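Enquirer: My questions will all concern the structure given below.
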Amino acid sequence: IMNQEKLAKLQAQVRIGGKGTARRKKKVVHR
Amino acid sequence: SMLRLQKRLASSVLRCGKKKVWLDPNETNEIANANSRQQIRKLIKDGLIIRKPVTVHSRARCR
Amino acid sequence: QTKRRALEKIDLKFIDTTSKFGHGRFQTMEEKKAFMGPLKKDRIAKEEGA
Amino acid sequence: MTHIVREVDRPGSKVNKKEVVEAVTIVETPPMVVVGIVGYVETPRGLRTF
Amino acid sequence: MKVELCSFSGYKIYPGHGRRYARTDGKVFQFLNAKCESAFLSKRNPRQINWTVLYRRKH
Amino acid sequence: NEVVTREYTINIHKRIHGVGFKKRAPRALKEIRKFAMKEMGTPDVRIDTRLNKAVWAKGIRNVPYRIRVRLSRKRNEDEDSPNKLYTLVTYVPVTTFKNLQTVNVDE
RNA sequence: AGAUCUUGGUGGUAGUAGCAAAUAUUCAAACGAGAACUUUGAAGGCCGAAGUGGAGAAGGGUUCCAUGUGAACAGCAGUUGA
RNA sequence: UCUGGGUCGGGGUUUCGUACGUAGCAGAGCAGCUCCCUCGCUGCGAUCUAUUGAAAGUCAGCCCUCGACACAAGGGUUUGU
Ligand SMILES: [Mg+2]
Ligand SMILES: [Mg+2]
Ligand SMILES: [Mg+2]
Ligand SMILES: [Mg+2]
Ligand SMILES: [Mg+2]
Ligand SMILES: [Mg+2]
Ligand SMILES: [Mg+2]
Ligand SMILES: [Mg+2]
Ligand SMILES: [Mg+2]
Ligand SMILES: [Mg+2]
C-alpha cells in the first residue's frame with residue numbers, strides 16, 4: 001500500500017528524464 | 001563497469017537501435033552480469049532495460 | 001603668447017551636458033522630466049507614496 | 001570631452017561675431033598638497049639635487 | 001544657445017547635434033540622429049511611429 | 001557555521017560577455033563553478049543536472065542572462081578525502097528577477 | 001681529414017616548427033591507483049534517406065566474438081582499442 | 001579605519017520601439033441560433049485600439065548607491081651596510 005513516505009520517494013524513481021520523456025513503468029527484482 | 005555488449009544485445013533483442021536502449025544507471029552491476037540474450041530478456045522483463053519512445057515529429061503544423 | 005589666437009578673451013554661451021553614453025538629447029534631468037512627463041514607474045511609485 | 005558654443009571675436013574672419021561649436025576636454029583638478037621642497041645647484045655636469 | 005531646431009521626431013536639436021539635409025527642391029530638413037534620418041529617408045510617416053511627437057499628439 | 005545553504009542570483013550575461021558562440025554555455029558552467037568556489041570557499045563544487053539542463057536550455061549560445069541558484073555547503077565526511085566540505089549548486093526556477101536579494105534559506 | 005667518400009653512432013637546430021579541412025560540447029555517477037578522452041544516465045547538437053544509416057562485389061585474411069593485460073603501438077591520454 | 005572591496009538588488013543614463021494576458025458595438029468578411037431576438041446573440045478571423053514611451057537589455061572596461069548577503073589582519077619565496 002502507499003503512504004506519504006512511499007509516495008514522495010516514488011515520484012523520484014518513476015522520473016527517468018526531463019519533461020517530455022516516458023515514465024518508468026516498473027523495477028522488479030526476481031531471483 | 002563497461003556496458004557496450006549489454007547495449008548491443010538489448011538493441012538486438014528489442015529490435016530497436018542503440019538510441020532507444022535505456023539501461024538503468026543505478027543497476028549497473030546487475031546489468032553488467034548479463035552476458036547472454038536470455039539474461040537481456042530477463043532484464044527487459046524485470047524493468048531494468050527499457051525501449052525509449054520514438055522522438056516526437058508532429059504533423060499538426062503541416063496539417 | 002602674442003598671436004591673436006592667444007590672448008583672446010573666451011566667453012562661453014552654452015556648455016553641452018547631453019548624455020555621452022549614447023545619443024543623449026536632454027541637457028538636464030528636469031528638462032527630460034518636463035518633456036516626457038510622468039512615466040509608468042513614476043505612477044507605480046506615486047501610488048505607493050499615497 | 002564635451003562641446004561648447006561661444007561667440008568669436010576674431011576681426012576679418014568669416015566667424016567674426018559668429019557662433020561656433022568647439023570640442024572641449026574636462027580635466028578634473030583637485031588642489032595639490034605641498035609636502036616637500038627640493039633645491040638644485042647648477043654644475044658643469046648639469047643640475048643636481050642638492 | 002543658438003536657434004533651436006526640431007527634427008523628424010519633433011525633438012529639440014541642440015547645437016552640434018544631428019545633421020541637416022537640403023533637398024534639390026529647396027526644402028531644408030534637420031534630423032536629431034541617424035535613426036530619425038533613416039526613417040525620413042525611407043519615407044516612413046512620423047504619425048505612425050510610436051515614439052515621435054507627431055504620433056503622441058495624434059493619439 | 002558550515003552547513004549553511006543560501007540562494008543567489010548570478011548575472012550570467014555579465015560573466016559570458018565577449019565569449020564566442022560555441023563557448024558560451026561551457027563558460028557559463030565554468031563561471032557558475034567559479035562563483036560557487038568564491039562564495040562558499042569550497043574547491044569541490046557539484047552542479048545539479050537540472051542546473052546544467054537549465055543553463056543549456058536555449059542552446060549553446062543563447063544562454064539565459066540571469067539564473068537563480070541555491071548554494072548548499074554540505075559535509076563531505078563520507079570517505080578519506082582532502083576536502084571535508086563541498087558545495088551542491090541547485091537550480092531555483094523563478095518567474096522574474098526583480099528585487100531578488102541574496103537570502104539565507106533554512107533546512 | 002677530406003673523395004656532395006661507405007657503414008654505424010651523435011649533436012646544434014630544439015623542448016623549436018608543429019599536433020588549425022569537414023559547427024560542439026556540458027552535467028552527474030560507476031569502475032578504477034589514476035578520467036577532458038572508457039561506460040551509464042540527462043541535456044545541447046550534427047549526418048538529414050544522392051546519410052556519418054542498413055547490406056553486398058573486388059581486395060584484406062581472422063581484423064569477427066568473449067575474457068584478461070596495461071610492456072610497446074593507437075604522433076595528448078586512456079580504465080579503451082582493428 | 002572615521003572599515004574596505006566584492007556579489008546581488010535599486011536608481012540614473014541609454015538602445016530598441018509599445019510586451020504576455022485581458023477588454024473592445026474596432027475589424028475585410030464568413031459559419032450557426034431565432035419562444036429567443038425586432039435588430040440581435042455565439043464562434044472563426046490577419047490587423048487595430050486601451051492597459052503601454054510599454055516590455056526587454058544596459059559593464060562585462062557606463063554613472064550613483066549605503067538596501068541585502070557573505071567575505072576580508074590571510075597564504076608562499078626571499079632580501080643586511
Ligand atoms: Mg558617447
Ligand atoms: Mg675519418
Ligand atoms: Mg609550439
Ligand atoms: Mg596548432
Ligand atoms: Mg537539431
Ligand atoms: Mg541537420
Ligand atoms: Mg552505405
Ligand atoms: Mg572487436
Ligand atoms: Mg599516445
Ligand atoms: Mg543595475
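By order of appearance in the C-alpha cells: chains A, B, ..., then residues from 1 within every chain, and ligands from 1 in the order shown.
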May I ask you to write as a list in words all residues lying at most 8 Å from ligand 4, with only C-alpha atoms (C1' of nucleotides) and all ligand atoms counted?

Expert: residues 18, 19 and 20 of chain G

Enquirer: Please extract the residues of chain D with a backbone DSSP assignment of strand (DSSP E or B) and present them as a PyMOL selection string.

Expert: chain D and resi 2-7+19-24+40-43+46-49

Enquirer: Keeping only N, CA, C and O atoms, write the selected residues to a file as a tab-separated table (two decimals), in the first residue's frame.

Expert:
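The resulting file, out02.tsv, is shown below:
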chain	number	residue	atom	x	y	z
D	2	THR	N	33.44	67.22	-24.12
D	2	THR	CA	32.13	67.74	-24.47
D	2	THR	C	32.35	68.89	-25.45
D	2	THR	O	33.47	69.11	-25.91
D	3	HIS	N	31.29	69.61	-25.78
D	3	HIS	CA	31.42	70.72	-26.71
D	3	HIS	C	30.64	71.92	-26.20
D	3	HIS	O	29.69	71.79	-25.43
D	4	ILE	N	31.07	73.10	-26.66
D	4	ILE	CA	30.57	74.37	-26.17
D	4	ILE	C	30.10	75.21	-27.35
D	4	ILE	O	30.33	74.87	-28.51
D	5	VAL	N	29.42	76.31	-27.04
D	5	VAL	CA	29.04	77.32	-28.01
D	5	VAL	C	29.55	78.66	-27.51
D	5	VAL	O	29.31	79.03	-26.36
D	6	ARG	N	30.26	79.38	-28.37
D	6	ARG	CA	30.78	80.69	-27.99
D	6	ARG	C	30.80	81.59	-29.21
D	6	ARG	O	30.78	81.14	-30.36
D	7	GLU	N	30.83	82.89	-28.95
D	7	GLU	CA	30.90	83.90	-29.99
D	7	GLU	C	32.35	84.33	-30.18
D	7	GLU	O	33.04	84.64	-29.21
D	19	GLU	N	28.69	82.47	-33.96
D	19	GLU	CA	28.73	81.35	-33.03
D	19	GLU	C	29.51	80.20	-33.63
D	19	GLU	O	29.42	79.92	-34.83
D	20	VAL	N	30.29	79.52	-32.79
D	20	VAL	CA	30.98	78.30	-33.18
D	20	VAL	C	30.71	77.23	-32.14
D	20	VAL	O	30.39	77.52	-30.98
D	21	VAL	N	30.83	75.97	-32.56
D	21	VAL	CA	30.78	74.83	-31.67
D	21	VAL	C	32.17	74.22	-31.62
D	21	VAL	O	32.74	73.87	-32.65
D	22	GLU	N	32.72	74.11	-30.41
D	22	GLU	CA	34.10	73.69	-30.24
D	22	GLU	C	34.19	72.60	-29.19
D	22	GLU	O	33.63	72.73	-28.10
D	23	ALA	N	34.90	71.52	-29.53
D	23	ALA	CA	35.09	70.43	-28.60
D	23	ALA	C	36.05	70.83	-27.49
D	23	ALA	O	37.11	71.42	-27.74
D	24	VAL	N	35.68	70.52	-26.25
D	24	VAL	CA	36.48	70.86	-25.09
D	24	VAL	C	36.71	69.61	-24.26
D	24	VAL	O	35.88	68.69	-24.25
D	40	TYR	N	68.11	72.69	-6.16
D	40	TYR	CA	69.04	72.23	-7.18
D	40	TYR	C	70.18	73.22	-7.31
D	40	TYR	O	70.00	74.42	-7.13
D	41	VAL	N	71.36	72.70	-7.64
D	41	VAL	CA	72.54	73.52	-7.84
D	41	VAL	C	73.08	73.27	-9.24
D	41	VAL	O	73.09	72.13	-9.72
D	42	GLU	N	73.47	74.35	-9.92
D	42	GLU	CA	73.96	74.25	-11.28
D	42	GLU	C	75.43	73.85	-11.28
D	42	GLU	O	76.27	74.52	-10.69
D	43	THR	N	75.73	72.75	-11.95
D	43	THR	CA	77.06	72.18	-12.02
D	43	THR	C	77.48	72.13	-13.48
D	43	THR	O	76.63	72.18	-14.38
D	46	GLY	N	75.52	69.54	-15.21
D	46	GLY	CA	74.09	69.68	-15.25
D	46	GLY	C	73.55	70.06	-13.90
D	46	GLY	O	74.31	70.33	-12.96
D	47	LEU	N	72.23	70.11	-13.79
D	47	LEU	CA	71.60	70.30	-12.49
D	47	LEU	C	71.72	69.02	-11.68
D	47	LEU	O	71.56	67.92	-12.22
D	48	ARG	N	72.00	69.16	-10.39
D	48	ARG	CA	71.98	68.03	-9.49
D	48	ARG	C	71.21	68.40	-8.23
D	48	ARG	O	71.22	69.56	-7.79
D	49	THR	N	70.53	67.41	-7.67
D	49	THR	CA	69.74	67.62	-6.46
D	49	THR	C	70.67	67.93	-5.30
D	49	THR	O	71.61	67.18	-5.03

Enquirer: Can you pull out the residues contacting stretch 25-38 of chain G? Cut-off 6 Å, using only C-alpha atoms (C1' of nucleotides), and skip same-chain residues under 5 positions away; I want them as a list in words.

Expert: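 In the requested format, the answer is residues 1 of chain B; 49 and 52 of chain F; 79 and 80 of chain G.
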
Enquirer: Go ahead and save the residues from that selection, with N, CA and C atoms (P, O5', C5', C4', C3', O3' and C1' of nucleotides), as a PDB file, in the first residue's frame.

Expert:
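Output contents, as saved in result_35.pdb:
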ATOM      1  N   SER B   1      30.481  -2.060 -15.107  1.00  0.00           N
ATOM      2  CA  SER B   1      31.597  -1.193 -15.463  1.00  0.00           C
ATOM      3  C   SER B   1      31.455  -0.646 -16.881  1.00  0.00           C
TER       4      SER B   1
ATOM      5  N   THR F  49      22.278  18.297 -12.228  1.00  0.00           N
ATOM      6  CA  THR F  49      21.991  18.091 -13.642  1.00  0.00           C
ATOM      7  C   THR F  49      20.828  18.952 -14.103  1.00  0.00           C
ATOM      8  N   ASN F  52      22.425  22.228 -14.967  1.00  0.00           N
ATOM      9  CA  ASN F  52      23.082  22.132 -16.268  1.00  0.00           C
ATOM     10  C   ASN F  52      22.062  22.148 -17.398  1.00  0.00           C
TER      11      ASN F  52
ATOM     12  P     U G  79      44.670   2.590 -18.891  1.00  0.00           P
ATOM     13  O5'   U G  79      43.736   1.451 -18.290  1.00  0.00           O
ATOM     14  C5'   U G  79      42.808   0.771 -19.124  1.00  0.00           C
ATOM     15  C4'   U G  79      41.499   0.509 -18.425  1.00  0.00           C
ATOM     16  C3'   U G  79      40.255   0.928 -19.204  1.00  0.00           C
ATOM     17  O3'   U G  79      39.197   0.010 -18.943  1.00  0.00           O
ATOM     18  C1'   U G  79      40.309   2.056 -17.134  1.00  0.00           C
ATOM     19  P     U G  80      38.903  -1.192 -19.965  1.00  0.00           P
ATOM     20  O5'   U G  80      38.837  -0.482 -21.387  1.00  0.00           O
ATOM     21  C5'   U G  80      37.665   0.200 -21.803  1.00  0.00           C
ATOM     22  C4'   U G  80      37.837   0.814 -23.169  1.00  0.00           C
ATOM     23  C3'   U G  80      38.376  -0.104 -24.249  1.00  0.00           C
ATOM     24  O3'   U G  80      37.390  -0.963 -24.795  1.00  0.00           O
ATOM     25  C1'   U G  80      39.519   1.959 -24.331  1.00  0.00           C
TER      26        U G  80
END

Enquirer: Which residue is closest to ligand 8? Choose from B:5, B:62, B:56, B:13 and count only C-alpha atoms and all ligand atoms.

Expert: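 Once distances to ligand 8 are computed over only C-alpha atoms and all ligand atoms, the minimum belongs to B:5.
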
Enquirer: Check every protein, DNA and RNA residue against ligand 2, keep those with an atom at most 10 Å away (counting only C-alpha atoms (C1' of nucleotides) and all ligand atoms), and present them as a list in words.

Expert: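 Residues satisfying the distance criterion: residues 1, 2 and 5 of chain G.
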
Enquirer: Those residues you just picked out, can you put them in a file as a PDB file, in the first residue's frame with N, CA and C atoms (P, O5', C5', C4', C3', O3' and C1' of nucleotides)?

Expert:
ATOM      1  P     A G   1      94.116  12.092 -40.546  1.00  0.00           P
ATOM      2  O5'   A G   1      92.803  12.991 -40.541  1.00  0.00           O
ATOM      3  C5'   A G   1      91.523  12.409 -40.317  1.00  0.00           C
ATOM      4  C4'   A G   1      90.469  12.975 -41.237  1.00  0.00           C
ATOM      5  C3'   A G   1      90.549  12.507 -42.678  1.00  0.00           C
ATOM      6  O3'   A G   1      89.241  12.569 -43.232  1.00  0.00           O
ATOM      7  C1'   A G   1      90.921  14.834 -42.604  1.00  0.00           C
ATOM      8  P     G G   2      88.673  11.351 -44.096  1.00  0.00           P
ATOM      9  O5'   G G   2      89.100  11.729 -45.581  1.00  0.00           O
ATOM     10  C5'   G G   2      88.128  12.010 -46.581  1.00  0.00           C
ATOM     11  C4'   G G   2      87.640  13.435 -46.525  1.00  0.00           C
ATOM     12  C3'   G G   2      87.256  14.039 -47.872  1.00  0.00           C
ATOM     13  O3'   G G   2      86.166  14.939 -47.686  1.00  0.00           O
ATOM     14  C1'   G G   2      88.934  15.354 -46.882  1.00  0.00           C
ATOM     15  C1'   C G   5      83.552   9.017 -49.978  1.00  0.00           C
ATOM     16  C3'   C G   5      81.211   9.062 -49.758  1.00  0.00           C
ATOM     17  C4'   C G   5      81.680  10.374 -50.367  1.00  0.00           C
ATOM     18  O3'   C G   5      79.949   8.658 -50.258  1.00  0.00           O
ATOM     19  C5'   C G   5      81.156  11.619 -49.708  1.00  0.00           C
ATOM     20  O5'   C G   5      79.747  11.709 -49.836  1.00  0.00           O
ATOM     21  P     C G   5      78.922  12.783 -49.007  1.00  0.00           P
TER      22        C G   5
END

Enquirer: For ligand 1, list the contacting residues at 7 Å or closer, counting only C-alpha atoms (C1' of nucleotides) and all ligand atoms, as a ChimeraX atom specification.

Expert: /C:20-23

Enquirer: Could those selected residues go to a file with C-alpha atoms, as an mmCIF file, in the first residue's frame?

Expert:
data_model
loop_
_atom_site.group_PDB
_atom_site.id
_atom_site.type_symbol
_atom_site.label_atom_id
_atom_site.label_comp_id
_atom_site.auth_asym_id
_atom_site.auth_seq_id
_atom_site.Cartn_x
_atom_site.Cartn_y
_atom_site.Cartn_z
ATOM 1 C CA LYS C 20 27.522 60.840 -23.766
ATOM 2 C CA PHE C 21 26.519 57.216 -23.055
ATOM 3 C CA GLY C 22 24.573 57.123 -26.318
ATOM 4 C CA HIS C 23 22.818 59.767 -28.380
#

Enquirer: Point out the residue among G:49, G:65, G:22, G:3 with the least atom-to-atom distance to chain B, counting only C-alpha atoms (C1' of nucleotides).

Expert: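 Going through G:49, G:65, G:22, G:3 one by one, the smallest distance to chain B is for G:65.
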
Enquirer: Counting only C-alpha atoms (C1' of nucleotides) and all ligand atoms, what residues are within 8 Å of ligand 7, given as a ChimeraX atom specification?

Expert: /G:51,53-55

Enquirer: Write a file of the just-selected residues containing N, CA, C and O atoms (P, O5', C5', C4', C3', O3' and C1' of nucleotides), as a PDB file, in the first residue's frame.

Expert:
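Generated output (out-v3.pdb):
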ATOM      1  P     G G  51      24.412   9.624 -50.041  1.00  0.00           P
ATOM      2  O5'   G G  51      24.355  10.853 -49.036  1.00  0.00           O
ATOM      3  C5'   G G  51      23.331  10.930 -48.053  1.00  0.00           C
ATOM      4  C4'   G G  51      23.904  11.037 -46.667  1.00  0.00           C
ATOM      5  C3'   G G  51      25.082  10.108 -46.381  1.00  0.00           C
ATOM      6  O3'   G G  51      25.949  10.747 -45.448  1.00  0.00           O
ATOM      7  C1'   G G  51      23.347   9.643 -44.878  1.00  0.00           C
ATOM      8  P     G G  53      27.155   5.631 -41.386  1.00  0.00           P
ATOM      9  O5'   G G  53      25.578   5.500 -41.274  1.00  0.00           O
ATOM     10  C5'   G G  53      24.930   5.507 -40.014  1.00  0.00           C
ATOM     11  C4'   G G  53      23.560   4.899 -40.121  1.00  0.00           C
ATOM     12  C3'   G G  53      23.531   3.437 -40.528  1.00  0.00           C
ATOM     13  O3'   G G  53      23.743   2.556 -39.441  1.00  0.00           O
ATOM     14  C1'   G G  53      22.040   4.638 -41.885  1.00  0.00           C
ATOM     15  P     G G  54      24.626   1.234 -39.644  1.00  0.00           P
ATOM     16  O5'   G G  54      23.690   0.279 -40.506  1.00  0.00           O
ATOM     17  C5'   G G  54      22.410  -0.099 -40.027  1.00  0.00           C
ATOM     18  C4'   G G  54      21.622  -0.843 -41.074  1.00  0.00           C
ATOM     19  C3'   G G  54      22.327  -2.011 -41.733  1.00  0.00           C
ATOM     20  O3'   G G  54      22.354  -3.174 -40.928  1.00  0.00           O
ATOM     21  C1'   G G  54      21.263  -0.716 -43.382  1.00  0.00           C
ATOM     22  P     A G  55      23.540  -4.238 -41.108  1.00  0.00           P
ATOM     23  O5'   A G  55      23.162  -5.066 -42.665  1.00  0.00           O
ATOM     24  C5'   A G  55      24.202  -5.378 -43.447  1.00  0.00           C
ATOM     25  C4'   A G  55      23.676  -5.775 -44.817  1.00  0.00           C
ATOM     26  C3'   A G  55      24.755  -6.388 -45.680  1.00  0.00           C
ATOM     27  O3'   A G  55      24.951  -7.691 -45.238  1.00  0.00           O
ATOM     28  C1'   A G  55      23.672  -4.714 -46.802  1.00  0.00           C
TER      29        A G  55
END

Enquirer: Kindly determine which residues of chain A lie within 12 Å of chain B, considering only C-alpha atoms, and give the answer as a PyMOL selection string.

Expert: chain A and resi 13-17+20-31

Enquirer: For ligand 3, return the neighbouring residues as a ChimeraX atom specification (distance at most 9 Å; only C-alpha atoms (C1' of nucleotides) and all ligand atoms).

Expert: /G:15-18

Enquirer: Could you list the protein, DNA and RNA residues that have any atom within 9 Å of ligand 6, counting only C-alpha atoms (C1' of nucleotides) and all ligand atoms, and write them as a list in words?

Expert: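 I would give the residues around ligand 6 as residues 45, 46, 47 and 48 of chain G.
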
Enquirer: The selected residues should be written to file as a PDB file, in the first residue's frame (atoms: C-alpha atoms (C1' of nucleotides)).

Expert:
ATOM      1  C1'   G G  45      23.917  19.496 -31.390  1.00  0.00           C
ATOM      2  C1'   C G  46      25.409  17.002 -36.193  1.00  0.00           C
ATOM      3  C1'   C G  47      24.964  13.242 -40.500  1.00  0.00           C
ATOM      4  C1'   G G  48      19.285  14.583 -42.744  1.00  0.00           C
TER       5        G G  48
END

Enquirer: Enumerate as a list in words the residues within 12 Å of ligand 10, counting only C-alpha atoms (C1' of nucleotides) and all ligand atoms.

Expert: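 Checked against 12 Å with only C-alpha atoms (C1' of nucleotides) and all ligand atoms; the hits are residues 11, 14, 98 and 99 of chain F; 8, 9, 10, 11, 12, 13, 57, 58, 59, 62, 63, 64 and 65 of chain H.
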
Enquirer: Name the residues in contact with residue F:66 at a cut-off of 8 Å, using only C-alpha atoms (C1' of nucleotides), excluding same-chain residues fewer than 4 positions from it; report them as number ranges by chain.

Expert: F: 9-13, 97

Enquirer: 7 Å from ligand 9 is the threshold here; counting only C-alpha atoms (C1' of nucleotides) and all ligand atoms, which polymer residues fall inside it? Answer as a PDB file with N, CA and C atoms (P, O5', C5', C4', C3', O3' and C1' of nucleotides), in the first residue's frame.

Expert:
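Wrote it out as out_25.pdb, contents follow:
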ATOM      1  P     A G  74      52.121   5.491 -31.556  1.00  0.00           P
ATOM      2  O5'   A G  74      50.553   5.247 -31.675  1.00  0.00           O
ATOM      3  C5'   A G  74      49.945   5.013 -32.937  1.00  0.00           C
ATOM      4  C4'   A G  74      48.449   4.882 -32.808  1.00  0.00           C
ATOM      5  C3'   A G  74      47.762   5.944 -31.970  1.00  0.00           C
ATOM      6  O3'   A G  74      47.539   7.146 -32.681  1.00  0.00           O
ATOM      7  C1'   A G  74      46.949   3.814 -31.366  1.00  0.00           C
ATOM      8  P     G G  75      47.547   8.545 -31.900  1.00  0.00           P
ATOM      9  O5'   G G  75      49.049   8.695 -31.411  1.00  0.00           O
ATOM     10  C5'   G G  75      50.114   8.689 -32.351  1.00  0.00           C
ATOM     11  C4'   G G  75      51.247   9.567 -31.899  1.00  0.00           C
ATOM     12  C3'   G G  75      50.822  10.923 -31.344  1.00  0.00           C
ATOM     13  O3'   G G  75      51.733  11.329 -30.325  1.00  0.00           O
ATOM     14  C1'   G G  75      52.179  11.235 -33.254  1.00  0.00           C
ATOM     15  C1'   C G  76      47.809  14.044 -25.843  1.00  0.00           C
ATOM     16  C3'   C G  76      49.521  12.417 -25.675  1.00  0.00           C
ATOM     17  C4'   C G  76      49.985  13.574 -26.540  1.00  0.00           C
ATOM     18  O3'   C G  76      50.560  11.866 -24.886  1.00  0.00           O
ATOM     19  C5'   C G  76      50.726  13.219 -27.805  1.00  0.00           C
ATOM     20  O5'   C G  76      50.369  11.933 -28.284  1.00  0.00           O
ATOM     21  P     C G  76      51.481  10.913 -28.792  1.00  0.00           P
ATOM     22  P     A G  77      50.563  10.303 -24.519  1.00  0.00           P
ATOM     23  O5'   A G  77      49.265  10.101 -23.616  1.00  0.00           O
ATOM     24  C5'   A G  77      49.198  10.600 -22.286  1.00  0.00           C
ATOM     25  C4'   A G  77      47.793  10.508 -21.747  1.00  0.00           C
ATOM     26  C3'   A G  77      47.236   9.099 -21.605  1.00  0.00           C
ATOM     27  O3'   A G  77      47.563   8.528 -20.350  1.00  0.00           O
ATOM     28  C1'   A G  77      45.691  10.449 -22.789  1.00  0.00           C
TER      29        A G  77
END

Enquirer: Using Å and a single decimal, report how far atom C1' of residue H:69 sits from atom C1' of residue H:3.

Expert: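 Taking atom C1' of residue H:3 as the start and atom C1' of residue H:69 as the end point, the length is 17.4 Å.
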
Enquirer: Ligand 8: which residues are within 12 Å, counting only C-alpha atoms (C1' of nucleotides) and all ligand atoms? Reply as a count of residues only.

Expert: 10

Enquirer: Extract, using only C-alpha atoms (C1' of nucleotides), all DNA, RNA and protein residues at most 10 Å from stretch 33-39 of chain E, discarding same-chain residues fewer than 4 positions from it, and format them as a PyMOL selection string.

Expert: (chain C and resi 23-25) or (chain E and resi 7-10+13+17-21+29+43-46+49+52)

Enquirer: Write a file of the selected residues as a PDB file, in the first residue's frame, keeping C-alpha atoms.

Expert:
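The new file part_0.pdb reads:
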ATOM      1  CA  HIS C  23      22.818  59.767 -28.380  1.00  0.00           C
ATOM      2  CA  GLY C  24      21.840  61.933 -25.447  1.00  0.00           C
ATOM      3  CA  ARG C  25      19.191  64.510 -26.238  1.00  0.00           C
TER       4      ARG C  25
ATOM      5  CA  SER E   7      13.588  67.029 -36.059  1.00  0.00           C
ATOM      6  CA  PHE E   8      11.597  64.384 -37.920  1.00  0.00           C
ATOM      7  CA  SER E   9      10.521  63.286 -34.429  1.00  0.00           C
ATOM      8  CA  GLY E  10       9.864  66.856 -33.282  1.00  0.00           C
ATOM      9  CA  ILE E  13      18.145  69.520 -31.652  1.00  0.00           C
ATOM     10  CA  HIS E  17      23.935  67.563 -32.629  1.00  0.00           C
ATOM     11  CA  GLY E  18      22.422  65.758 -35.578  1.00  0.00           C
ATOM     12  CA  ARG E  19      22.580  66.524 -39.273  1.00  0.00           C
ATOM     13  CA  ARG E  20      20.871  68.833 -41.747  1.00  0.00           C
ATOM     14  CA  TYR E  21      19.523  67.787 -45.141  1.00  0.00           C
ATOM     15  CA  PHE E  29      15.331  69.301 -43.076  1.00  0.00           C
ATOM     16  CA  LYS E  43       9.638  57.783 -46.367  1.00  0.00           C
ATOM     17  CA  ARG E  44       8.168  56.434 -43.140  1.00  0.00           C
ATOM     18  CA  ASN E  45       5.356  58.548 -41.765  1.00  0.00           C
ATOM     19  CA  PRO E  46       6.074  60.044 -38.312  1.00  0.00           C
ATOM     20  CA  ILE E  49       5.978  55.732 -35.318  1.00  0.00           C
ATOM     21  CA  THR E  52       7.625  60.548 -32.373  1.00  0.00           C
TER      22      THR E  52
END

Enquirer: Report as a PyMOL selection string all protein, DNA and RNA residues lying within 7 Å of residue F:60, evaluated on only C-alpha atoms (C1' of nucleotides), omitting residues in the same chain fewer than 4 positions from it.

Expert: (chain F and resi 21-22+24-25+56) or (chain G and resi 44)

Enquirer: Please, could you write that set of residues out with N, CA, C and O atoms (P, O5', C5', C4', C3', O3' and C1' of nucleotides) as a PDB file, in the first residue's frame?

Expert:
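Once everything was written out, this is part37.pdb:
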ATOM      1  N   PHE F  21      30.429  32.041 -29.728  1.00  0.00           N
ATOM      2  CA  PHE F  21      29.142  31.349 -29.734  1.00  0.00           C
ATOM      3  C   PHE F  21      29.268  29.916 -29.235  1.00  0.00           C
ATOM      4  O   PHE F  21      28.476  29.467 -28.399  1.00  0.00           O
ATOM      5  N   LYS F  22      30.263  29.185 -29.724  1.00  0.00           N
ATOM      6  CA  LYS F  22      30.426  27.782 -29.366  1.00  0.00           C
ATOM      7  C   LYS F  22      31.036  27.582 -27.985  1.00  0.00           C
ATOM      8  O   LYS F  22      31.362  26.446 -27.629  1.00  0.00           O
ATOM      9  N   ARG F  24      29.763  29.664 -25.070  1.00  0.00           N
ATOM     10  CA  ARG F  24      29.046  30.475 -24.091  1.00  0.00           C
ATOM     11  C   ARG F  24      28.461  29.623 -22.971  1.00  0.00           C
ATOM     12  O   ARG F  24      28.537  29.994 -21.796  1.00  0.00           O
ATOM     13  N   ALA F  25      27.873  28.475 -23.308  1.00  0.00           N
ATOM     14  CA  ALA F  25      27.326  27.609 -22.263  1.00  0.00           C
ATOM     15  C   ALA F  25      28.407  26.888 -21.457  1.00  0.00           C
ATOM     16  O   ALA F  25      28.268  26.805 -20.222  1.00  0.00           O
ATOM     17  N   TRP F  56      21.792  25.047 -20.347  1.00  0.00           N
ATOM     18  CA  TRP F  56      21.789  24.632 -21.741  1.00  0.00           C
ATOM     19  C   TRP F  56      20.396  24.628 -22.352  1.00  0.00           C
ATOM     20  O   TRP F  56      20.215  24.062 -23.433  1.00  0.00           O
TER      21      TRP F  56
ATOM     22  P     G G  44      17.693  19.593 -24.814  1.00  0.00           P
ATOM     23  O5'   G G  44      19.039  20.142 -25.459  1.00  0.00           O
ATOM     24  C5'   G G  44      19.538  21.424 -25.113  1.00  0.00           C
ATOM     25  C4'   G G  44      20.814  21.728 -25.850  1.00  0.00           C
ATOM     26  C3'   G G  44      20.768  21.502 -27.348  1.00  0.00           C
ATOM     27  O3'   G G  44      20.188  22.593 -28.037  1.00  0.00           O
ATOM     28  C1'   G G  44      22.720  20.512 -26.459  1.00  0.00           C
TER      29        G G  44
END

Enquirer: Could you state the separation of atom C1' of residue H:53 and atom CA of residue E:56 in Å, given to one decimal place?

Expert: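 Straight-line distance from atom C1' of residue H:53 to atom CA of residue E:56 works out to 9.2 Å.
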